[PDB]
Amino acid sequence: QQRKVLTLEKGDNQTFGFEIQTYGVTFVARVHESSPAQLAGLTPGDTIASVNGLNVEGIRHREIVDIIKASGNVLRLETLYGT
């Protein structure tokens, strides 16, 4: 459908529960069950547009990953139906 806003909140020693891949756009390859990501509504196929309010279209994979690793246990994302 249209856009999609969501907030993930995790445990202090656990993961958000999703994998991403980048081609050239960045999208969700996998979402673990019962993870903050699934419970939040993340779905394989979604594409990452913003992270904590920042757009990522111009950033490289390792960077995006770095931002997410440094976001503490809360995470605000914005995705768009990919495929």
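When you see a residue number, it is the position in the sequence shown, counting from 1.
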Report summary line: Unresolved deposited positions lying between residue 24 and residue 25 come to 10 or more
Requested in this report: Sort the modelled residues of this chain by their C-alpha B factor and say whether residue 20 lands in the lowest, middle or highest third.
Outcome: lowest
Requested in this report: Just say lowest, middle or highest third for the CA B-factor of residue 35 relative to the other modelled residues in its chain.
Outcome: lowest
Report summary line: Entry-reported C-alpha B-factor of residue 50 relative to its chain, by third, is middle
